[PDB]
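K.L.:
Quick one, structure for this:
(chains A and B, ligands or ions: 3)
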Amino acid sequence: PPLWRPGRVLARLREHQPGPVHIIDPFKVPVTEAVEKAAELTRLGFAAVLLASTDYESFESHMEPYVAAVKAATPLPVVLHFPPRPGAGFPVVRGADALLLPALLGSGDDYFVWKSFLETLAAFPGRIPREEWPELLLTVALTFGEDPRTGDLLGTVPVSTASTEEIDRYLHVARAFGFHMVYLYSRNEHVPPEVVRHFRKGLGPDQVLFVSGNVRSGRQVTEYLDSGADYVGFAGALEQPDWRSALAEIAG
Amino acid sequence: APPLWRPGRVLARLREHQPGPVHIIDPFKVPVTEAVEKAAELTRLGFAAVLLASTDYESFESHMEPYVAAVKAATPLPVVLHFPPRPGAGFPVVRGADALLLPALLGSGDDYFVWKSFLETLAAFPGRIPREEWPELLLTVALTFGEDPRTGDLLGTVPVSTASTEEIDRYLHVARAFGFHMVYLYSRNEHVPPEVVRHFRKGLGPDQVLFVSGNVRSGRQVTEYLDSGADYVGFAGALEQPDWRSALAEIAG
Ligand SMILES: CC(C)=CCC/C(C)=C/CC/C(C)=C\CO[C@H](COP(=O)(O)O)C(=O)O
Ligand SMILES: CC(C)=CCC/C(C)=C/CC/C(C)=C\CO[C@H](COP(=O)(O)O)C(=O)O
Ligand SMILES: [Mg+2]
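P.N.:
Numbers count the residues shown, from 1 in each chain, chains lettered A, B, ... in the order given. Ligands and ions are numbered 1, 2, ... in the order given. This is the structure:
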């Protein structure tokens, strides 16, 4: 089993053409609605389905059957993205194709910078046979704009864009440590397109670049893809009754 | 549960013990009876720990479990293992060791030796050894100085540039933000520059332990490195000879 080495999911993300990726928050979206949504993602040509949230409780009992219901509705890989908790590490369930593991390089708490990875692997394989574990996508995760919620929870400080000094240090780490992916996120604002370009030009060719946060239009998706993002994530735009119209606009 | 990667007793002792020399016994070259004779002397000098370390090893578990047990019966000092990892296995480990020094070779061109060795080692934990009997892990930034094709060929290391502080400062930023426990500055064929030691001491947090080793053969060298800010000054080869008692007395005095 690849585990922390590159596997099937990373290969699919590297070779698929760039595009939008819908993110289903499984603790806010009822499983029946997630299944209806998942059936549409497949038709649009998205590369994967991400299940992600800042908050979670009773993870294993909720997520194992939630992941199975989504997998029955779409052939796309199902990737989990959640923060770790001291004493447990990152949450995991069998059936997920991959876990996106964020190393929060801008956090003031070394647990969220990377020690969460050590706690997670110490606990591996735990309850799940090694042969059935999801693959791990080792990711540099950076936050942009004022965000006291993630700051309070994970210790993140917004990345300073007054110079490229801080991002240049993250680029050196992303390259030398052989991270698989970089995830640029803004909870309350927008990751700057020029930061996306700086990362695309500074990363190796096989390092996958995700951008998300407040993407609500196809124009925003296009601008980020033109700036070099491999995938543009969006969750909140579809957390409403008229999600089918919003999805068609974002994917158009 | 074992502290494992969290700070434990061995790190607390390294943090609080008086700075000084630390002898490193290569267990694949030094016979165990000589290691035991050495261990008794290191105890008298009040060194902080006994390191068992080597670039090379074979049949690790069967050789090291009895070797560590004999050294532990000879000294009350913590026994710390320091060896390179191997893809497919991670770092080598035996029960009985108090701690394993885990080197993140930040200057390597191979990401396995930069840090993925840590992921393979923890994945494999607990493995063949019960959780409660595992050694503590000392998370360490490991940096090499001077021409060294042996470590370059084995682990992908490139000598750290001392032409400016650009490279070193990036390693300090990582050492601090990632919360490494220790920094180990090593030169196989030359000497780590005392000024680099001082730059690291000034740049590290107060609880980050700084080790320097490589070609230390005299007490004057130990004093110079301790005066430059090293917490511990390692030495192996100086004692790999018949007149080791004289050499130890000169390095420790
Ligand atoms: C901070 C970090 C990057 C990782 C640590 C783990 C962590 C907190 C993972 C949860 C997923 C996440 C980064 C943000 C939540 O929502 C956005 C979509 O936003 P929108 O509703 O605005 O589209 C998403 O899932 O990407
Ligand atoms: C490259 C690195 C720092 C870590 C990777 C793992 C690794 C190769 C561990 C083995 C220990 C080591 C760094 C060097 C061997 O001898 C010196 C003492 O030298 P002297 O005989 O000149 O006194 C020592 O043990 O420190
Ligand atoms: Mg494990």
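K.L.:
C-alpha only now, for contacts and for neighbours.
P.N.:
Noted.
K.L.:
ok, which stretches of the stretch 151-252 of chain A are helices?
P.N.:
According to DSSP state H, counting those that start in this stretch, the stretch 151-252 of chain A carries its helices in the segments A:165-176, A:193-202, A:218-226, A:243-251.
K.L.:
Then the stretch 1-150 of chain A?
P.N.:
Counting by DSSP H, counting those that start in this stretch, the helices of the stretch 1-150 of chain A are A:8-15, A:31-44, A:59-73, A:110, A:116-123, A:148-154.
K.L.:
burial measure for the nearest residue to residue A:191 once chain neighbours are set aside, as a count.
P.N.:
Leaving aside its sequence neighbours, residue A:191 sits nearest to residue A:144 (Cα to Cα, 6 or more residues apart in numbering or on different chains; 6.0 Å). The tally of other residues near residue A:144 (other Cα atoms under 10 Å in any protein chain shown) stands at 22.
K.L.:
Ok, residue A:246 next?
P.N.:
Counted with other Cα under 10 Å, residue A:246 comes out at 18.
K.L.:
That one touches residue A:238, doesn't it?
P.N.:
Yes. Residue A:246 lies in contact with residue A:238 (Cα atoms under 8 Å); the separation is 6.5 Å.
K.L.:
TSV for the helices of the stretch 1-150 of chain A, including mean neighbour count?
P.N.:
Output for the helices of the stretch 1-150 of chain A, formatted as TSV (neighbours: other Cα atoms under 10 Å in any protein chain shown):
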stretch	mean neighbour count
helix A:8-15	16
helix A:31-44	17
helix A:59-73	17
helix A:110	20
helix A:116-123	23
helix A:148-154	15
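K.L.:
Arrange those in TSV, one row each, with distance to residue A:101 as further columns.
P.N.:
Shown next, in TSV, are those (distance: least, Cα to Cα, whole Å):
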stretch	distance to residue A:101
helix A:8-15	13
helix A:31-44	22
helix A:59-73	16
helix A:110	15
helix A:116-123	8
helix A:148-154	14
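K.L.:
For residue A:181, find the nearest of those.
P.N.:
Smallest distance to residue A:181 across these (Cα to Cα): 8.8 Å, for helix A:8-15.
K.L.:
residue contacts, residue A:228?
P.N.:
For residue A:228, the contact set (Cα atoms under 8 Å, 6 or more residues apart in numbering or on different chains) comprises A:196, A:197, A:200, A:209.
K.L.:
Let's have these in CSV, adding distance to chain B.
P.N.:
Shown next, in CSV, are the contacts of residue A:228 (distance: Cα to the nearest Cα, whole Å):
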residue, distance to chain B
A:196, 22
A:197, 23
A:200, 20
A:209, 19
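K.L.:
what's the most distant pair in these?
P.N.:
A:197 and A:209 (10.1 Å).
K.L.:
between the two, which one's more packed in?
P.N.:
residue A:209 (26 against 16).
K.L.:
Tell me which residue lies nearest the centroid of chain A.
P.N.:
The centre of chain A sits closest to residue A:81, judged by Cα atoms, centre = their mean, with a distance of 5.2 Å.
K.L.:
Once you drop chain neighbours, what's closest to it?
P.N.:
residue A:52 (4.6 Å).
K.L.:
Look up how far ligand 3 lies from that neighbour.
P.N.:
24 Å (Cα to the ion, to the nearest Å).
K.L.:
for residue A:79, same thing?
P.N.:
From residue A:79 to ligand 3 the distance is 21 Å (Cα to the ion).
K.L.:
hang on, the earlier thing: wait, the residue nearest to the centre of chain A touches residue A:49, no?
P.N.:
No. If you go by Cα under 8 Å, residue A:81 and residue A:49 don't touch, sitting 10.6 Å apart.
K.L.:
partners of the residue nearest to residue A:221 when sequence neighbours are not counted in the sheet?
P.N.:
Leaving aside its chain neighbours, residue A:221 sits nearest to residue A:232 (6.2 Å; criterion: Cα to Cα, 6+ apart). Residue A:232 forms beta bridges with residue A:20, residue A:211, as assigned by DSSP bridges.
K.L.:
number of nearby residues for the residue nearest to residue A:81?
P.N.:
20.
K.L.:
ok, now residue A:53?
P.N.:
Neighbours of residue A:53 under the rule other Cα under 10 Å: 17.
K.L.:
ok, now which ones touch it?
P.N.:
Counting by Cα under 8 Å, 6+ apart, residue A:53 has contacts A:25, A:26, A:27, A:81, A:82.
K.L.:
Tell me the one of those nearest ligand 1?
P.N.:
residue A:82 (4.1 Å; Cα to the nearest ligand atom).
K.L.:
How much space separates that closest one from residue A:231?
P.N.:
Residue A:82 sits 18 Å away from residue A:231, going by Cα to Cα, to the nearest Å.
K.L.:
which of the two has more neighbours?
P.N.:
residue A:231 (26 against 19).
K.L.:
Surely the more buried one and residue A:19 touch.
P.N.:
Yes. Under the criterion of Cα under 8 Å, residue A:231 makes contact with residue A:19 at 5.2 Å.
K.L.:
Now do the shared contacts for these two.
P.N.:
residue A:225.
K.L.:
Report how many residues lie close to the residue in the stretch 101-250 of chain A positioned nearest to ligand 2.
P.N.:
For the stretch 101-250 of chain A, the residue closest to ligand 2 is residue A:177, as judged by Cα to the nearest ligand atom, at 16.2 Å. Residues lying near residue A:177 (other Cα under 10 Å) number 21.
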